[PDB]
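Asks: Mind looking over this structure? Questions follow.
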Amino acid sequence: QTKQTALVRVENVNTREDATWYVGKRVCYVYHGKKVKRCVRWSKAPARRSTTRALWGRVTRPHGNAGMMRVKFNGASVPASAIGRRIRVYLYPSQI
Amino acid sequence: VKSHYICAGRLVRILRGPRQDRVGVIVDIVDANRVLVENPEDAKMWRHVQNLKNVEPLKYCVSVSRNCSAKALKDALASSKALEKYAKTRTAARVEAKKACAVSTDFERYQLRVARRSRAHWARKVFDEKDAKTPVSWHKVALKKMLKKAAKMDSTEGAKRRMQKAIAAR
Amino acid sequence: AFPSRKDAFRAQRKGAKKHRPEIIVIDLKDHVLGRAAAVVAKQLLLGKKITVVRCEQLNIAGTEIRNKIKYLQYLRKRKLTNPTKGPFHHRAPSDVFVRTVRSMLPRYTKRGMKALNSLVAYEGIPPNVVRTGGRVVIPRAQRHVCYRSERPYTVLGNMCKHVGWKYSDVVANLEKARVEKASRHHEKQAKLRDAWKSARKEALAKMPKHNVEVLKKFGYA
Amino acid sequence: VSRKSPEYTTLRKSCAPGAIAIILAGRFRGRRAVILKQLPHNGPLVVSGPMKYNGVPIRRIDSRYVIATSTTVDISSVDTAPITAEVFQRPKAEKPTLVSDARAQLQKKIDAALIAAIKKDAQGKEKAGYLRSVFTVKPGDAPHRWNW
Amino acid sequence: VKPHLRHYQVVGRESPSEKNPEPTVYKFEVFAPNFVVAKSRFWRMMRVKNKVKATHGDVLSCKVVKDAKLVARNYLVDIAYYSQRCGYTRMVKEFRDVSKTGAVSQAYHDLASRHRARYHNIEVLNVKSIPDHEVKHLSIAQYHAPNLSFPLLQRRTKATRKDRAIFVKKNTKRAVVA
RNA sequence: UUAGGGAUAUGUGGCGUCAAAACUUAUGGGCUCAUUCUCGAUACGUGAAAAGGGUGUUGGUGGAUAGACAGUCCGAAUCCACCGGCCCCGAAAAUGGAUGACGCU
RNA sequence: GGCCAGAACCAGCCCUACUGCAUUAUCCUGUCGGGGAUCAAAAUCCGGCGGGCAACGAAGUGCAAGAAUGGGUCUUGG
RNA sequence: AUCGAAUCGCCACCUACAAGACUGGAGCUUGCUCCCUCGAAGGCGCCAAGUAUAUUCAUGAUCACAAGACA
Ligand SMILES: [K+]
Ligand SMILES: [Mg+2]
Ligand SMILES: [Mg+2]
Ligand SMILES: [Mg+2]
Ligand SMILES: [Mg+2]
Ligand SMILES: [Mg+2]
Ligand SMILES: [Mg+2]
Ligand SMILES: [Mg+2]
Ligand SMILES: [Mg+2]
Ligand code: NA
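From first to last, the protein sequence lines stand for chains X, L, W, A and G.
Using the UniProt record's numbering, the first residue of the first sequence is number 49, and each one after it goes up by one.
Using the UniProt record's numbering, the first residue of the second sequence is number 2, and each one after it goes up by one.
Using the UniProt record's numbering, the first residue of the third sequence is number 2, and each one after it goes up by one.
Quick note, the fourth sequence lines up with residues 19 to 114, 144 to 195 if you use the UniProt record's numbering.
Using the UniProt record's numbering, the first residue of the fifth sequence is number 2, and each one after it goes up by one.
What follows is the structure, encoded as structure tokens:
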């Protein structure tokens, strides 16, 4: 395997055209740590302080013919502890 | 019995492909696998070869000979009124509704959601009226079955005294 | 399985309601063993929680004698110097399905065993799964779309009962009781279903008209 | 005309003034607002989506975090000239339910004009209810296959 | 599906020389996936019948003979194939098809399936559209019945590729994983 | 055929799961049923099989006979020889075991 | 701020959409004859003669050079 | 009670059954004709308890785990 690219299967995305529609969309992997670490708006929104963390990526290209997508995360690769776990594929950036 | 046989003049619907959900007439049977399909009144349904796995036979069969001319097939289709009768059926309406939902905008989806919620609300109101009239729901069946026993149990003088005192204290 | 007193005390302290994870219940009746196993293994590797019922009604292509002989050939495989710790030949149909899926999984990694522990297999439909929601099928692994109907096929329960499975009759009696109970409960609630259908019919007239036309446009009224 | 000029813009035509837009991110994700104008220098869009209807105030939002639907409101009667980057500029801060009067009056006037425009429209009430609606992704939804 | 072989007419001759100032021009019809294979078969036939190599010849034209209008027809394909065990085996087979190219492609598939013959071991001697009353095999003549009717039994109908689902409710069209 | 790294395409080989790819593609045609080394899917790798045989099935080539063959007359095709494809018999060894596994019709 | 993100634009590069030119005849189409089958027919098929562009997105036939004057670049620099 | 978490569709209308060489129901002519509920939707849910006359949302200042979740 080459871990710098990840494969994401999205519900109801079962064709290469759908995965093409998703090319460029932001991708988030949400998990939690053991301690409460720094976050965006740590001072502005103290209600966001949590053990919950997120790793962000983007859809680079479709993979195969059945709606699978290739995702690259910002810098570091996504951990293998995320294999089989939930991935958030947002609708932005919007081209429509 | 039942089903609809593959024969000359049989109306069919295209299952998959770029002609999906279009209707043509079997004008000639090539072999076990393929037929010749044509349909006037439809621009894309010129005489072409279809695989029988891709057709859906319909309940209509215009009377026509194998390998019929365009004029003869068109006259037979017009006289039989097969397309009209098909357009009156619920499956054709479902196909049209699927096309409309495919082409729908966000505002049309909002309007559909509003209409479905309104029908749901009025169905709930009608159901509540009929359910109070006759106990068909779980809660109304439980209500009557326990209400008889409760009326029997609260007719006691001690029950009424305790009930009245505790209500007055409230 | 039985929760700890610590877990129950914590649930009471948190006060959260009953929680059930998202679980797909598959009715494996009249399903091809290998194809259903492949689909279920892929879905388990994708992180889904799957419970399969009526594993005694799975199908294998070929006559029952050929598949009995295949199973007996499997049963011949044992560690000669110590049959304990040798291959363990499970005779129950649900165990057979679990073994097939396990063979279609990376069973010697943490990921594969995580996938395998996400699968629960039953013979018949036990009471804890009867009322948990509508059961699913696998269209691409169903017998009426996979086998040419001329050819013979094996029902997994019939093979298992002759290769050593002991609970064929118990499962049959339980399924008879379950279907009798479910048929009784479905003959009842018929008044409720008819009442709801008539309620929707009358709502079609009691609702504002442009909504009715919108429903007619989208094939709903 | 020139990339140095404020009037320059590369915004897609769908995000036109008066178009109703689904807000994709931020505090008002899922809410439907009305695009009022675009700020100069190819800047962010400004949406109102009357705060009476869906609670969204006059607010900047990048066009990449909005889905501009094909439904539009003729908002030519709305005076979007007072909306300028100055009213969104914040004072510099020193070392360490609240709306300034100018912002509140701008929102009140803009919302009055926008409600007048929406109400004066064929399907005006349906569009008001549409703006009150909340957009969410349901289980089984395929937004990639939809028109907007 | 459209046939994988096209009907080519290759016209060629030996290159004019002093010894043979005006060589005979030969018209050759072949069924090939592309025109390069058509020229290859033409030059093989020229070599094996006229002792004319491609290195001493001209190809005047290599055109596709268009199909007629698609009509259910009986096609007689006279075809031969080679095997080491039997040598050259010639057979005449009738096919139902709508075109000569379709009939010949069907014949090639039939030879590949029933006799394990490959394209380059096969020579199509002739393909002709024949009337119904000249059809001898009942497996073809059964399609000449005026009231030819049959149902579609044991259908394996798959959903539209977008609509396909992995898990669906048992007596319902609601997709649970799709 | 090879400096340390990205991106995009391929080669050989593959796209049911293991395992990336047809979430088991086609709106492609035919053939095959194989009961205890369990049909087959083994280029090199012979790293397993033959002579011979089969009224299993599916093709071909010649010859014929047509109120024909069979049946006891009576209504339509029948018979003979030969050659292919796949399958089967031929086909017996020693720890439990290998189309890589599961399975697949 | 020599940190983390989003968007905008510029140059380069990488993908995609947008198509013309030749060809067709063993072809298309009327009519007469044959032949076929029918319940009668038409058709499948063969000749003669008379016209031709099968032009709907005509063909899955040969060649195409159509200035993205739409995406990606956390695959490059600003 | 540490404990901040990842998970994001509910249902006492699916949560009964069986068959795909097969009808919702008939007919005789057995593959066509005629009836019906016309044989391609499990019901809700997606911001007014319902389709209209409403009604607080900002400064959480342009994306950041939804800053919240008993539907
Ligand atoms: K004639
Ligand atoms: Mg080497
Ligand atoms: Mg895979
Ligand atoms: Mg090997
Ligand atoms: Mg070998
Ligand atoms: Mg032999
Ligand atoms: Mg094996
Ligand atoms: Mg292998
Ligand atoms: Mg959160
Ligand atoms: Na079937």
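C-beta: ideal position from N, C-alpha, C; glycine also.
Counting contacts by CB-CB distance shorter than 7 Å, is residue 63 (chain X) in contact with chain G?
Replies: As a first step, residue 63 (chain X) must be located in the first sequence, where it is residue number 15. Answer yes: the Cβ-Cβ gap between residue 63 (chain X) and chain G drops below 7 Å somewhere.
Asks: Looking at C-beta atoms only, is the number of pairs between the segment 91-104 of chain L and the segment 215-222 of chain W that lie closer than 8 Å three or more?
Replies: yes
Asks: Just to make sure I have the definition right: I need the residues of chain L whose C-beta is within less than 7 Å of the C-beta of residue 73 (chain G). Which are they?
Replies: Taking the first residue of the fifth sequence as position 1, residue 73 (chain G) is located at position 72. The answer, in chain order, is 29, 30, 31, 37 and 68.
Asks: Could you tell me if residue 112 (chain L) is buried or exposed, where buried requires 16 or more neighbouring beta carbons within 10 angstroms of its beta carbon?
Replies: Position 111 of the second sequence, counted from the start, is the residue given in the question as residue 112 (chain L). It counts as buried.
Asks: Kindly list, in the order they appear in chain W, the residues whose Cβ is closer than 9 Å to that of residue 138 (chain L).
Replies: Here residue 138 (chain L) refers to the residue found at position 137 when the second sequence is read from its first residue. Those are 193 and 196, listed as they occur along chain W.
Asks: CA-CA distance, residue 38 (chain L) and residue 132 (chain G)?
Replies: Stepping through the second sequence from its first residue, residue 38 (chain L) is reached at position 37. Stepping through the fifth sequence from its first residue, residue 132 (chain G) is reached at position 131. Between residue 38 (chain L) and residue 132 (chain G), the C-alpha separation is close to 22 Å.
Asks: How many Å lie between residue 70 (chain G) and residue 101 (chain G) at the Cα?
Replies: In the fifth sequence, counting from the first residue as 1, residue 70 (chain G) sits at position 69. In the fifth sequence, counting from the first residue as 1, residue 101 (chain G) sits at position 100. Each residue's Cα considered, the two are about 11 Å apart.
Asks: Is the segment 39-48 of chain G touching the segment 57-64 of chain G, taking contact as three or more C-beta pairs under 8 Å?
Replies: yes
Asks: Give me the chain W residues within the contact set of residue 166 (chain G), using Cβ-Cβ distance strictly less than 8 Å, ordered along the chain.
Replies: Within the fifth sequence, numbered from 1, the residue matching residue 166 (chain G) stands at position 165. The contacting residues are 140.
Asks: Throw me the rounded Cβ distance for the residue 105 (chain W) and residue 42 (chain W) pair, which I believe falls under 8 Å.
Replies: Locating residue 105 (chain W) in the third sequence gives position 104, where the first residue counts as 1. Locating residue 42 (chain W) in the third sequence gives position 41, where the first residue counts as 1. With 8 Å as the limit, residue 105 (chain W) and residue 42 (chain W) qualify as a contact, their Cβ atoms being about 4 Å apart.
Asks: Considering just the uninterrupted stretch of the alpha helix (DSSP H) at residue 111 (chain X), what are its terminal residues?
Replies: Taking the first residue of the first sequence as position 1, residue 111 (chain X) is located at position 63. That residue, residue 111 (chain X), is in no alpha helix (DSSP H); its beta strand (DSSP E) goes 100-111.
Asks: Whole angstroms is fine: what's the gap from residue 101 (chain A)'s alpha carbon to residue 73 (chain A)'s?
Replies: Residue mapping note: residue 101 (chain A) aligns to position 83 of the fourth sequence, counting from 1. Residue mapping note: residue 73 (chain A) aligns to position 55 of the fourth sequence, counting from 1. Answer to the nearest angstrom: the Cα atoms are 19 Å apart.
Asks: Which residues in chain L sit within 9 Å of residue 87 (chain A), going by Cβ to Cβ distance?
Replies: Position 69 of the fourth sequence holds residue 87 (chain A). In chain order: 106, 107 and 108.
Asks: Applying a beta-carbon distance threshold of less than 8 Å, which residues of chain L neighbour residue 32 (chain A)?
Replies: One-based indexing of the fourth sequence puts residue 32 (chain A) at position 14. By Cβ distance, chain L contributes nothing, its closest Cβ being about 12 Å from residue 32 (chain A), past 8 Å.
Asks: Rounded to a whole number of angstroms, what is the C-alpha to C-alpha distance between residue 143 (chain W) and residue 33 (chain W)?
Replies: As a working mapping, residue 143 (chain W) is identified with position 142 in the third sequence. As a working mapping, residue 33 (chain W) is identified with position 32 in the third sequence. Rounded to whole angstroms, residue 143 (chain W) and residue 33 (chain W) show a C-alpha spacing of 6 Å.
Asks: If we call anything under 7 Å between Cβ atoms a contact, is residue 192 (chain W) one with residue 127 (chain L)?
Replies: Within the third sequence, numbered from 1, the residue matching residue 192 (chain W) stands at position 191. Within the second sequence, numbered from 1, the residue matching residue 127 (chain L) stands at position 126. Not in contact: residue 192 (chain W) and residue 127 (chain L) (Cβ atoms no closer than 7 Å).
Asks: Mind listing the chain L neighbours of residue 187 (chain A)? Cutoff is C-beta to C-beta under 8 Å, in chain order.
Replies: Position 140 of the fourth sequence, counting from 1, holds the residue named residue 187 (chain A). Residues of chain L passing the Cβ test: none, with the nearest at roughly 14 Å.
Asks: Give the range of the beta strand (DSSP E) segment to which residue 126 (chain L) is assigned.
Replies: Within the second sequence, residue 126 (chain L) is the residue found at index 125, counting from 1. Not the beta strand (DSSP E): residue 126 (chain L) falls in the alpha helix (DSSP H), residues 107-134.
Asks: Could you tell me which uninterrupted beta strand (DSSP E) segments, each at least 3 residues in length, are contained entirely in the UniProt domain "Large ribosomal subunit protein eL20" (7-129) of chain G, listed from first to last along the chain?
Replies: 7-15, 26-33, 58-65, 74-84 and 88-98
Asks: Checking the sheet assignment: what are the DSSP bridge partners for residue 58 (chain L)?
Replies: Against the second sequence, residue 58 (chain L) aligns to sequence position 57. In the DSSP output, where bridge partners are listed per residue, residue 58 (chain L) has L:13.
Asks: Under 7 Å between the Cβ atoms of residue 106 (chain A) and residue 78 (chain A)?
Replies: Counting from 1 along the fourth sequence, the entry for residue 106 (chain A) is found at position 88. Counting from 1 along the fourth sequence, the entry for residue 78 (chain A) is found at position 60. Contact flag set, yes.
Asks: Return helix, strand or coil for residue 61 (chain W), following the three-state DSSP convention.
Replies: Locating residue 61 (chain W) in the third sequence gives position 60, where the first residue counts as 1. In the structure shown, residue 61 (chain W) sits in a strand (DSSP, three-state: E or B).
Asks: At 9 Å on the CB atoms, spell out the chain X contacts of residue 112 (chain W), in chain order.
Replies: As a first step, residue 112 (chain W) is located in the third sequence; it is residue number 111 there, counting from the start. Those within 9 Å of residue 112 (chain W) in chain X are 128, 131 and 132.
Asks: With a threshold of 7 Å on Cβ separation, who are the neighbours of residue 161 (chain A) within its own chain once the five nearest residues in sequence on each side are excluded?
Replies: Residue mapping note: residue 161 (chain A) aligns to position 114 of the fourth sequence, counting from 1. The residues are 52, 66, 68, 93 and 96.
Asks: Any chance you could list the residues with Cβ under 6 Å from a heavy atom of ligand 10, keeping chain order?
Replies: Here the residues come out as W:145, W:150 and G:155.
Asks: For residue 30 (chain W) versus residue 55 (chain W), is the C-beta distance shorter than 7 Å?
Replies: As a first step, residue 30 (chain W) must be located in the third sequence, where it is residue number 29. As a first step, residue 55 (chain W) must be located in the third sequence, where it is residue number 54. In this structure, residue 55 (chain W) lies closer than 7 Å to residue 30 (chain W) by Cβ.
Asks: Residue range of the beta strand (DSSP E) that residue 76 (chain X) falls in?
Replies: On the first sequence, position 28 is the one that residue 76 (chain X) refers to. Segment 74-80, the beta strand (DSSP E) holding residue 76 (chain X).
Asks: Flag this pair as yes or no: are the beta carbons of residue 76 (chain A) and residue 157 (chain A) separated by less than 7 Å?
Replies: If you number the fourth sequence from 1, residue 76 (chain A) lands on position 58. If you number the fourth sequence from 1, residue 157 (chain A) lands on position 110. Yes. Within cutoff.
Asks: Just list the residues that DSSP pairs residue 51 (chain L) with in beta bridges.
Replies: Along the second sequence, read from residue 1 onward, the residue named residue 51 (chain L) stands at position 50. Paired residue(s): L:36.
Asks: Measure from the alpha carbon of residue 99 (chain A) to the alpha carbon of each residue in A:64, A:90 and A:91, then state which is nearest.
Replies: If you number the fourth sequence from 1, residue 99 (chain A) lands on position 81. For the residues A:64, A:90 and A:91, the minimum Cα distance to residue 99 (chain A) belongs to A:64.
Asks: Contact between the segment 105-118 of chain X and the segment 65-76 of chain X: three or more CB pairs below 8 Å?
Replies: yes
Asks: If you draw a straight line from the C-alpha of residue 87 (chain G) to the C-alpha of residue 27 (chain G), how long is it?
Replies: For this step, residue 87 (chain G) is matched to residue 86 along the fifth sequence. For this step, residue 27 (chain G) is matched to residue 26 along the fifth sequence. Using only the alpha carbons, I get a separation of about 31 Å.
Asks: Can you give me the C-alpha to C-alpha distance between residue 60 (chain L) and residue 139 (chain X), rounded to a whole angstrom?
Replies: Numbered from its first residue, the second sequence carries residue 60 (chain L) at position 59. Numbered from its first residue, the first sequence carries residue 139 (chain X) at position 91. Going from the Cα of residue 60 (chain L) to the Cα of residue 139 (chain X) covers about 45 Å.
Asks: Excluding the 5 residues preceding and the 5 following residue 178 (chain G) in the sequence, name in chain order all residues of the same chain whose CB lies nearer than 8 Å to its CB.
Replies: Here the question's residue 178 (chain G) lines up with position 177 in the fifth sequence. Excluding sequence neighbours, residue 178 (chain G) sits near 166, 167 and 168.
Asks: Residue 97 (chain G) CB to nearest chain L CB: under 7 Å?
Replies: Mapped onto the fifth sequence, residue 97 (chain G) falls at position 96. At least one chain L Cβ lies under 7 Å of residue 97 (chain G).
Asks: Check distances from the C-beta atoms of the segment 106-137 of chain W to those of chain G and list, in chain order, the residues that come in under 8 Å.
Replies: For the segment 106-137 of chain W, residues whose beta-carbon sits nearer than 8 Å to a beta-carbon of chain G comprise 135, 136 and 137.
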